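Worksheet for the structure shown next.
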Amino acid sequence: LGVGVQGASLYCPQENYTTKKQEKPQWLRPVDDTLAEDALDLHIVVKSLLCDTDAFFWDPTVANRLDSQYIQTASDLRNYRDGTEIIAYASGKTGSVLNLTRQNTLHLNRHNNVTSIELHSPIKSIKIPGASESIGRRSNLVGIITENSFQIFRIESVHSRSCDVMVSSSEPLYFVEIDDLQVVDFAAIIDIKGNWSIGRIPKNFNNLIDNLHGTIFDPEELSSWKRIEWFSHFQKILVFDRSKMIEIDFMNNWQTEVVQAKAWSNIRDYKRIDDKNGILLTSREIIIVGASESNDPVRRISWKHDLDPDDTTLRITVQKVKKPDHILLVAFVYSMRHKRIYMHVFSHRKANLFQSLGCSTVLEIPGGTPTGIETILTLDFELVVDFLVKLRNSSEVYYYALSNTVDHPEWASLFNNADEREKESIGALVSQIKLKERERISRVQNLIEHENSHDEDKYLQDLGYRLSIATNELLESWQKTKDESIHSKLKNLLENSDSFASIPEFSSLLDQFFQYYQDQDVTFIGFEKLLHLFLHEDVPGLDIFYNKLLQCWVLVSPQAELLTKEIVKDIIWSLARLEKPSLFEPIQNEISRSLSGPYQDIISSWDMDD
Amino acid sequence: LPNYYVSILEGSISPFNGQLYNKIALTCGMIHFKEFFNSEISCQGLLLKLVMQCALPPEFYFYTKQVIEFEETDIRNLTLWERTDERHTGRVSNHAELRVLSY
DNA sequence: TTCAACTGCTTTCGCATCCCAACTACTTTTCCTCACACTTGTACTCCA
DNA sequence: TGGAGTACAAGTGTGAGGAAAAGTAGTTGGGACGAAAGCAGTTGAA
């Protein structure tokens with residue numbers, strides 16, 4: 001019994017240095033904050049398979065599609081047997097076909113036979129009630145919820161010689177009132193959209209609602225998410241919407257509103273922890289582990305943690321970890337929109353000493369978002385814990401253990417036509433390039449055969465001569481057309497700039513060509529102060545620009561050289577804009593436009609102010 | 001300056017869903033980029049950029065240059081596309097750099 | 001021939017209901033960016 | 001070996017959306033140095 005309570009509420013929130021101290025002067029850390037002390041706790045997935053099989057909104061009424069818990073059947077009472085583990089999941093086309101043992105990790109068994117009982121309605125929830133330790137035994141009956149009816153299955157004498165579970169069923173009650181029910185729990189006790197009733201389970205499958213019922217119907221809650229749970233064996237129930245928790249005990253006529261969650265948060269999920277005292281609630285904006293009180297079994301609102309994520313689709317599952325000194329309660333919240341879990345570690349001792357340790361987060365598989373996560377009970381400081389997930393938009397279920405110590409078919413469905421006459425007609429082009437490339441690896445190889453020849457020194461003396469007079473031909477039009485009052489190509493010669501075999505020479509040759517035009521109507525843009533845009537560093541030269549690609553394309557090409565040469569021989573001819581006039585030509589085209597606009601755009605056009 | 005005259009002026013949200021390409025074409029419809037400027041994409045640089053993105057064997061550089069030659073009007077000189085007739089977008093997606101993204 | 005209220009006077013200079021404001025809300029001012037329904041041919045065969 | 005029906009895309013009007021920093025909407029805070037004397041005409045009733 002620590003001290004800092006409200007009576008009504010009780011907080012240990014997110015790293016805000018919790019609100020109590022006893023001042024126990026015992027030289028033994030003389031403080032008992034709700035915050036505990038230990039080392040870290042990092043978690044590591046053990047990824048393994050178990051089994052297999054408009055969008056701007058989401059349906060709250062659909063709950064799960066699977067379940068996994070140890071079941072002890074009817075014939076295990078008289079005989080020695082105690083506890084068999086099952087997993088029952090929906091399958092089929094629209095989610096309509098509901099269908100085991102543990103070696104060291106939970107895997108599907110030897111005879112691995114799906115017991116496909118057939119329905120004609122969409123599966124929307126699959127859950128057991130659980131068990132009791134005051135009853136001493138385990139329940140051997142499970143109930144499911146569909147759109148058209150409500151069903152109860154009864155698991156009778158699970159077999160060990162054949163690994164086959166024969167299943168029995170009750171009467172699927174259809175709807176007398178046309179309103180879609182939401183949640184089942186037993187501890188046909190069901191919650192319809194706005195009202196509930198108690199259903200009676202029979203003993204005879206060889207061939208309903210009791211005389212007491214209640215309702216919580218709110219005219220101003222709009223959602224279709226409800227929930228029901230039995231609380232603390234008194235035959236008290238707890239009923240939920242997204243706005244309040246009502247406590248109802250149908251033993252008497254006694255109804256109390258406990259949670260009222262309209263103002264700043266909402267009720268999101270509610271797991272009843274197998275501890276018959278402690279039960280964990282997920283609100284929006286806070287995580288609540290409100291237990292039961294020994295005086296009146298009504299609600300011991302215990303140490304709750306302010307969770308940070310704000311969302312509309314959060315769930316929770318919890319696993320108890322039973323140590324001989326104390327009881328842990330790790331709580332796993334998960335969302336349907338992204339791929340993350342969020343955990344927190346609670347501890348419990350004998351004097352209702354609920355505490356808190358810290359939080360951590362890990363990730364999931366990149367394809368989909370999680371939609372159903374369940375912990376295997378594991379039959380019951382180096383904390384170990386294990387569980388199964390299920391991701392939305394994939395029908396696979398994997399198994400995970402946590403210890404203390406991107407392909408889309410839409411891009412596939414865009415290619416690959418089934419047109420066999422058009423198959424090689426497309427495929428000719430991939431064989432057409434088998435010809436055109438091998439010429440290019442061989443023709444510049446003939447330029448690899450020659451090395452700085454005077455015969456190609458002549459070929460580059462001939463190069464600039466048809467660059468000089470071609471410039472002298474491309475200059476002499478622009479002077480006479482200069483009075484335009486309202487740049488060029490450098491691909492005019494289609495005889496050369498194909499078979500020139502030196503990078504440092506032509507870099508000098510264009511610098512030899514740059515120096516020639518001291519006159520007007522001809523300026524340039526320098527390559528070496530601009531060629532760095534591909535390497536994203538300081539590249540002050542054209543000759544060292546090759547030297548970067550020289551070490552770069554060594555491994556990934558057969559003989560690796562003239563391909564690297566030809567692209568460097570391409571880019572300077574790819575920026576073939578060396579045909580700027582002098583400064584006069586755009587400056588005289590500046591002055592013409594401001595004359596044409598009115599005197600209102602004179603003051604609007606002023607660069608170079610400060 | 002008025003608030004809606006400055007909320008346009010201060011850039012809040014980035015250009016998205018081809019907002020940048022439309023504003024290129026809307027500008028080129030206002031003042032004509034032809035017969036005074038060269039609507040010429042240096043596609044050799046863009047493919048060399050896209051070769052240098054994912055470290056491929058550079059034979060696909062030489063392939064893609066050949067591939068555009070198979071399907072292109074006036075083989076070089078890639079078309080910067082003005083629009084003034086419609087306020088609709090060009091569903092052919094006639095942006096030349098956006099065309100190379102498919103090639 | 002007396003009782004009981006109306007009566008002006010103590011010094012000598014100089015000191016000494018109306019308005020305002022707070023914070024948080026909600027709203028208007030507009031300008032900018034595209035889609036959604038309509039229609040003729042053309043294409044792929046349709047029945048003559 | 002010409003016609004009857006018909007989906008794929010080139011191509012054309014209607015308003016509906018998006019955003020922000022300015023202003024304005026209701027509560028609460030707050031603004032206002034003096035308890036002097038014998039004496040006299042009028043005036044009490046005898």
Side-chain angles (χ1 to χ4, degrees), chain A residues 13 16 54-58 220-222 242-243 260-266 283-286 306 308-312 337-338 408-429 593 597-607 609-610, chain B residues 1-34 37 39 41 67-75 77-103:
Chain A
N16 63 358
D54 189 74
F56 298 159
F57 291 90
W58 66 281
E220 51 194 1
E221 184 265 333
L222 296 175
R242 289 270 183 231
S243 292
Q260 225 247 265
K262 295 181 172 66
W264 286 289
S265 64
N266 279 319
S283 173
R284 187 179 68 187
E285 290 170 344
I286 200 155
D306 182 73
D308 288 324
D310 189 76
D311 194 359
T312 67
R337 191 185 63 243
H338 54 79
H408 294 284
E410 292 293 325
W411 300 92
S413 181
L414 188 59
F415 295 94
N416 303 317
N417 297 115
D419 293 328
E420 295 87 3
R421 177 63 181 85
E422 290 80 359
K423 180 182 177 182
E424 75 269 12
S425 182
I426 290 170
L429 191 146
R593 295 293 91 196
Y599 61 93
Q600 199 66 258
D601 291 332
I602 293 294
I603 312 298
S604 177
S605 176
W606 288 105
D607 294 328
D609 58 351
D610 194 358
Chain B
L1 195 66
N3 56 6
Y4 59 89
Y5 279 160
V6 74
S7 67
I8 299 169
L9 183 60
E10 63 182 5
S12 294
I13 65 172
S14 70
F16 67 101
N17 296 328
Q19 189 179 3
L20 196 146
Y21 289 110
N22 288 319
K23 189 57 69 176
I24 294 168
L26 264 291
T27 297
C28 293
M30 291 180 186
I31 57 170
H32 291 86
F33 192 80
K34 303 290 186 177
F37 300 104
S39 68
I41 304 300
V67 164
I68 300 165
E69 294 163 356
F70 185 78
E71 183 71 27
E72 182 66 30
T73 65
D74 290 6
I75 287 311
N77 297 317
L78 292 176
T79 64
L80 184 69
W81 180 59
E82 56 91 15
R83 67 179 183 91
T84 183
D85 193 4
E86 71 271 17
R87 60 189 293 267
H88 297 77
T89 63
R91 293 181 176 93
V92 190
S93 70
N94 287 315
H95 303 90
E97 181 173 2
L98 178 61
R99 290 186 299 168
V100 181
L101 293 173
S102 178
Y103 294 116

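What you see below is based on every heavy atom in this structure, not just the backbone, and it leaves out hydrogens, waters and symmetry mates. Protein chains get the first letters and strands the later ones, always in sequence-line order, with residue 1 at the start of each.
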Listed once per pair and sorted, the salt bridge (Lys or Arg N to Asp or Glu O under 4.0 Å) pairs that draw on residues 85-103 of chain B, sequence neighbours left out: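 Qualifying pairs, neighbours excluded: B/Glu72-B/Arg99.
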Which word best sums up how the rings of B/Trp81 and B/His95 line up, parallel for under 30°, tilted for 30 to 60°, or perpendicular for over 60°?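 The arrangement is perpendicular - the two ring planes meet at more than 60°.
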For [X], check salt bridge (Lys or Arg N to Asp or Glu O under 4.0 Å) against everything at least two apart and list the hits.
X	answer
B/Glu82	none
A/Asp308	none
A/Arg337	A/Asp311
A/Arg242	none

Wobble or Watson-Crick pair present, [N] with [M], both under 3.5 Å:
N	M	value
D/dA22	C/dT27	yes
C/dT33	D/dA16	yes
D/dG11	C/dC38	no
C/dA35	D/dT14	no
D/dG26	C/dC23	no
D/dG23	C/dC26	yes

Given the cut-offs of 5.5 Å for six-ring centres and 30° for planes, are [N] and [M] stacked?
N	M	result
D/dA25	D/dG26	no
C/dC9	C/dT10	no
C/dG41	C/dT42	no
C/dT30	C/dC31	yes
C/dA43	C/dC44	no

Looking at DNA chain D, which of residues 92-102 of chain B put a heavy atom within less than 4.0 Å of it?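 None, since no heavy atom is under 4.0 Å.
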Does A/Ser243 reach the main-chain N or O of A/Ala261 with its side chain, forming a donor-acceptor pair under 3.5 Å?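 Side chain of A/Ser243 to backbone of A/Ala261: no pair is present.
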Any residue in residues 410-423 of chain A with a heavy atom nearer than 4.0 angstrom to DNA chain C? Just list them by number, or reply none.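 When residues 410-423 of chain A is checked for heavy atoms under 4.0 Å from DNA chain C, there are no hits whatsoever.
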Could you work out the separation of [N] and [M] based on their [atom1] atoms and round it to a whole Å?
N	M	atom1	result
C/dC20	D/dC33	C1'	40 Å
D/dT14	C/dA37	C1'	9 Å
D/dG17	C/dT30	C1'	14 Å
C/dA4	D/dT43	P	16 Å
C/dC13	D/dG38	P	27 Å
D/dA37	C/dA16	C1'	30 Å
C/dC23	D/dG30	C1'	15 Å
D/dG41	C/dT11	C1'	30 Å

Sequence neighbours excluded and cut-off under 3.5 Å, please list the side-chain donor-acceptor pairs for residues 597-606 of chain A, or say none.
{"residue": "A/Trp606", "atom": "NE1", "partner": "A/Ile602", "partner atom": "O", "Å": "3.0"}

Please work out whether C/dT11 sits syn or anti, treating a glycosidic angle within 90° of 0 as syn.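 C/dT11: syn.
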If you measure from OG1 on B/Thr79 to NZ on B/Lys34, what distance do you get to the nearest 0.5 Å?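 Answer for the OG1-NZ pair, B/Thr79 versus B/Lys34, is 6.5 Å.
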C/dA43: pairing nucleotide in any strand, Watson-Crick or G-U under 3.5 angstrom: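 WC or wobble partner does not exist here.
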Could you give the side-chain donor-acceptor pairs of residues 8-18 of chain B under 3.5 Å, partners two or more places apart or in another chain?
none

Letter by letter from the 5' end, nucleotides 26-39 of chain C scores (B base, S sugar-phosphate only, - none; protein heavy atoms under 4.0 Å) ---BBSSSBBB---
Not counting sequence neighbours, which residues clear side-chain hydrogen bond (donor to acceptor under 3.5 Å, both in side chains) with A/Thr312? List them please.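 A/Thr312 satisfies side-chain hydrogen bond (donor to acceptor under 3.5 Å, both in side chains) with no residue once adjacent residues are dropped.
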Partners meeting side-chain hydrogen bond (donor to acceptor under 3.5 Å, both in side chains) with B/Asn94 (sequence neighbours left out):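 B/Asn94 satisfies side-chain hydrogen bond (donor to acceptor under 3.5 Å, both in side chains) with no residue once adjacent residues are dropped.
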Kindly determine whether B/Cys28 and B/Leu80 satisfy side-chain contact (heavy atoms from CB on, under 4.5 Å), including the steps that lead there. CA-CA 9 Å; B/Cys28 293; B/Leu80 184 69; 3.7 Å; yes
